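opening with a subset of the complex:
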Amino acid sequence: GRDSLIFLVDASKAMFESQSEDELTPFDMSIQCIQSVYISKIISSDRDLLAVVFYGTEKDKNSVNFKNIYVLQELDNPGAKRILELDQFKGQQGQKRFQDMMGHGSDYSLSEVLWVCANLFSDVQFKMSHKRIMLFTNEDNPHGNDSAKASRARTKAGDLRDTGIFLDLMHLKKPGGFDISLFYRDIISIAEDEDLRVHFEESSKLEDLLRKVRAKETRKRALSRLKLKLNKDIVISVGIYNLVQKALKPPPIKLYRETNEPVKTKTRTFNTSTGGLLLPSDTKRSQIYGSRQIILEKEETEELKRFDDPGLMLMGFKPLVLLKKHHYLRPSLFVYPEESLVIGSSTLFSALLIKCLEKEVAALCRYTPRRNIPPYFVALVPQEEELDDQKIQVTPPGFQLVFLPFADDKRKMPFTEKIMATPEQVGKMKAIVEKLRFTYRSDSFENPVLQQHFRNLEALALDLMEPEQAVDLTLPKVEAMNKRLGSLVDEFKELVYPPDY
Amino acid sequence: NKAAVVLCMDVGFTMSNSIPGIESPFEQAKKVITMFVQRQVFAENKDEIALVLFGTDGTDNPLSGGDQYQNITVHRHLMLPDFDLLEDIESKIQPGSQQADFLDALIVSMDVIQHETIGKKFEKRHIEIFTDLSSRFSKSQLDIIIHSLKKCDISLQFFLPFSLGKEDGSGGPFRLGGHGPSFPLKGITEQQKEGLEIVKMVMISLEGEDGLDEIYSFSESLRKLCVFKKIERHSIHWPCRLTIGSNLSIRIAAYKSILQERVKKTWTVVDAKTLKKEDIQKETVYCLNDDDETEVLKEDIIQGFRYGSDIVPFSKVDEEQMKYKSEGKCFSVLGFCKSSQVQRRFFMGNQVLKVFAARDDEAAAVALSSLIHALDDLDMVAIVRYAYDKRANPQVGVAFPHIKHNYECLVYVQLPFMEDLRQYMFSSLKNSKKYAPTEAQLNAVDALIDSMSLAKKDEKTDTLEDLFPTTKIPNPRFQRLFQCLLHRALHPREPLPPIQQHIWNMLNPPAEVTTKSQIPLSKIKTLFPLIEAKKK
């Protein structure tokens, strides 16, 4: 399926005002945030449809000719030209191009704005799954002076929830704070919340607005729904997710040289002598050892792999201190209860999560992902929910599925005679370590291979300027670190390296 | 490297007398030897294996001159193992009716290594003894045996029906390859206590205080890789330089500590009649994906990539020039941060690297030891840039200290890029108004976790004894594959055999943990309603 996401940006006067900030304007903050989603959907080959609509402008552009509503881009797949068009409204110069092309500061009515957005969902030729509208505004009471417009906005917002269209508010900073209880409390779509009324805080930085949109730019997608068996009779349903996944360079695609059209590829198998098609029952598997051939059927090469049925068999509970950090084998996964399959799984899941945290214990399981695969011991490490100052979920509540290696996966290296350093040498390295100290964040580094690969595709797809070279953010800032250390490098050298080295 | 191994098995009469419930020491040692020869055959190593049997009815060894070393048979001489050896282990070799001096059989085993490794290159020489220590023996050759083992540099290992400690389950649950029980220490005789002491003194002379670690039980040997311990091939090092800036360099050498093995041989798809590979051929055809399936020749296909909805032609030639190009091999430090800022749920890659100093470089060993202890004394780690060579894509990873009593090193694990993360928002379970468990439900889970505890705090010194160490159990898919490959070779008409029970016994927790949880699981089944949804 194809999810749909419409970016709705306010074009009022306050959107172009950096009201006492060391940061961009709320409009420039929204335009750059939309570009990042457009690019990130292309990095991951996402098939979602994106749209860009502005309201409050002097010029209008929509099917029903509703005033002060400009549809910049209808619902369609992102491209190089669509990203280049959004770049025309970036920064101070982009503020001038936007106001000269559409105007700003004009009046509006949120009822008419939501009618145009819902009309974009109906015009889709593709099949759609999720239909969501993302609103960017720093105005918490758009129609506190016009009850006729605020009442029609609440009725249209309620009609969207019944239709199946979600509305997420990306409220930006306002002098005195953004008050959601004034108006947008009866508009945003929510029902899963446990009557907590949490919601994200107001966005004052581009990084915060980006993470809040990134938390809703892509929906959940489970890697597999498996059975977590305490025994043979007590079985709950869990969902396996990959919160981390190595984003690789997209594979090439074969085209027709005279039309640049993609080409279908079909691979078949035939007998060499007769040329007839080979059924799966017309061939067998072979393995030669020395001068002897061992022939197995295709059904038997999979039968020797068969051990457990797909799922998680509970082995016991092991304290967290017995799980070594240097025993990493492959990227860990996330386990969350799947209430849609087995009713009552979340209650047992929560009780297991609560007691595993109090006792600092992990649930050892025998893990079988698919059918006909040997098992692997995994440790479900309890994981408590964590929110930051923006009420963004940095750590989701559940279990961290940590893969445990077998005895074969361990490899030994030769031992040294352990040469230790003196406290005078350790002290000099301590001062070097303290000089190059920084705050690490899991999203601080970008892939230089992936960035440069798509920078080359942009230069070929748009045919504008030559491909520039990306700045490798993984290379050390050599000149900055040398000045930062000073003479600490010549020191420690005299304490360790002899002049005859 | 290559190694020569001599398997010295006891087939005497006492090897067929066991305790009710557990198999005979003859059948236990017969499966440990089968496990060893199976991996040596199907991995197709260059290791040579000989088999000496003592306790047989007959006598066939090059030391029998003068009614000496009787009831000792050299069933297999030093050569590459084959299917004929495995078939003899599976069918031909029968238990004997006599009893032989197990030290005399060790002398015959030493005679095979001394006379048959004559010209061949062997980096290691090893002898493994499988006996129950139930028979009498002479102790005059004790100093002669140790002098020949040290002058010839021959390692030694022992495998007994019982563990070198004690047993608490009185004849109790006894399963081959299980966790916990391994023959009752109260069921051994005083002759076995005398022979075990001689085994200790021999291993202490050859290895030292760690010589006691080379005495295993047949049950625990089936769920470990101890039989291959003395003949494992050495790991390859990775030379590079750890750089802090541009004026500080430290020569280092990296090894892969964790790396998944998986299968070694590939299945070749062959014809069902000729059983040959050349009779099979695959042809991949190209055609227009859209309307009208028209074939395309290779002289009309170019390379392209997708940029969202755009299709961008990009030949491999133009791709080679505009490609990102790095300087190459490196291990450069970007900075240092608190270890708490690096959670293990962010670990990436399919390997773990241990970074030592360059071998025989004391100056580099002192420099790296300063970095290891500085990070440890500050509770900090190093964020570094790792690149295997000029071809591999550069990585961002973490290097945290690892201080032991015999060596110090840095442990490298790859860290994720920003493009690798996914911010899936999940519903709150702590602040849940729907799935919050009751007090009785939490007490049932609390009682279940205590009953299913896989650790034991013995002697009351916070010393946790792991009752189920999964990292010491071998991957069951290997010995399961070796079982089927050998079964098809020796029995082509019979179907594949089922999984051996000692494999299932090692893949399960101790029997005390399973029985302890029956009552807590029963209360959980009644307190937690569970039913499948069938409506949508």
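Yep, that arrived. Numbering: from 1, shown residues only, chains lettered A, B, ... in the order given.

what residues are up against residue A:129?
Residues in contact with residue A:129 (Cβ atoms under 8 Å, 6 or more residues apart in numbering or on different chains) are A:1, A:2, A:3. The C-beta positions use only the backbone N, C-alpha and C, and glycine is treated the same way.

on the three-state scheme, residue B:493 is what?
coil (DSSP: H, G, I helix; E, B strand; the rest coil).

cool, residue B:447 as well?
Criterion first, three-state DSSP; result for residue B:447: helix.

now do the contacts for it.
Contacts of residue B:447 by Cβ under 8 Å, 6+ apart are B:520, B:523.

contacts only, for residue B:256.
A:411, B:235, B:351, B:352, B:353, B:354.

part of a strand, is it?
Yes - if the criterion is three-state DSSP, then residue B:256 is within a strand.

how about the nearest residue to residue A:290, chain neighbours excluded?
residue B:82 (7.0 Å; Cβ to Cβ, 6 or more residues apart in numbering or on different chains).

quick one: that neighbour and residue B:41 touch, right?
Yes - using Cβ atoms under 8 Å, residue B:82 is in contact with residue B:41, at 6.8 Å.

how is chain A divided into domains?
A:2-217, A:218-245+A:309-406, A:246-308, A:407-501 (CATH domains of a matching chain).

nearest residue to residue B:232 other than its sequence neighbours?
residue A:412 (7.1 Å).

actually residue B:255, not the one I wrote
Per Cβ to Cβ, 6+ apart, closest to residue B:255 is residue A:413, 4.0 Å.

let's add DNA strand C too:
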DNA sequence: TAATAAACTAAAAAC
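One more chain to add, DNA strand C, which I have set with the ones above:
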């Protein structure tokens, strides 16, 4: 030379 990682093919399962 072997060691190994970037590429690539095939099959399972979610949507």
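
return the backbone torsion pair for residue 363.
No chain was given, so I picked chain A. Per-residue torsions, residue A:363: phi -90, psi 110 (degrees, to the nearest 10).

that's the wrong chain, I wanted chain B
According to degrees, to the nearest 10, residue B:363 has phi -60, psi -40.

thinking it is in contact with residue A:496, fair?
Yes - between residue B:363 and residue A:496 a contact is recorded at 6.0 Å, counting by Cβ under 8 Å.

the two: which has the busier surroundings?
Just comparing residue B:363 and residue A:496: by other Cβ atoms under 10 Å in any protein chain shown the higher neighbour count belongs to residue A:496, 23 against 17.

contacting residues for that one?
Contacts for residue A:496 (Cβ under 8 Å, 6+ apart) come out as A:421, A:425, B:363, B:366, B:367, B:370.

nearest spatial neighbour of the residue nearest in space to the middle of chain B, skipping sequence neighbours?
Central residue of chain B (Cα atoms, centre = their mean): residue B:474, 4.5 Å from the mean position. Distances taken as Cβ to Cβ, 6+ apart put residue A:407 closest to residue B:474, at 4.7 Å, once the chain neighbours are dropped.

and if you look at residue B:355?
residue B:410 (4.2 Å).

any idea how far the one you found is from chain A?
10 Å (Cβ to the nearest Cβ, to the nearest Å).

that residue belongs to a helix?
No - applying three-state DSSP, one finds residue B:410 to be strand, outside a helix.

following sequence is DNA strand D, add it:
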DNA sequence: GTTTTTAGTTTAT
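This next block brings in DNA strand D, placed alongside the chains you saw above:
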């Protein structure tokens, strides 16, 4: 059925 992921090969640096 289509799309993402992963075990299983493949083949060059």
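
DNA strand D added, so what about the contacts of residue A:496 now?
A:421, A:425, B:363, B:366, B:367, B:370.

before we move on, what about residue B:241?
Neighbouring residues of residue B:241 by Cβ under 8 Å, 6+ apart: B:249, B:250, B:251, B:252, B:331.

confirm it sits in a strand?
Yes - per three-state DSSP, residue B:241 lies within a strand segment.

quickly list what it is bridged to.
residue B:251 (DSSP bridges).

would you check that residue B:435 makes contact with residue A:347?
Yes - contact criterion Cβ under 8 Å: residue B:435 and residue A:347 qualify, at 4.7 Å.

look at these two and report which has more neighbours.
Higher neighbour count among residue B:435 and residue A:347: residue A:347, with 24 against 18, using other Cβ under 10 Å.

wait, what's in contact with that one?
B:435, B:436, B:437, B:441, B:528.

adding distance to residue A:468 and secondary structure, write those out as JSON lines.
Putting these into JSON lines (distance: Cβ to Cβ, whole Å; DSSP: H, G, I helix; E, B strand; the rest coil) gives the following:
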{"residue": "B:435", "distance to residue A:468": "52", "secondary structure": "coil"}
{"residue": "B:436", "distance to residue A:468": "55", "secondary structure": "coil"}
{"residue": "B:437", "distance to residue A:468": "57", "secondary structure": "coil"}
{"residue": "B:441", "distance to residue A:468": "60", "secondary structure": "helix"}
{"residue": "B:528", "distance to residue A:468": "59", "secondary structure": "coil"}
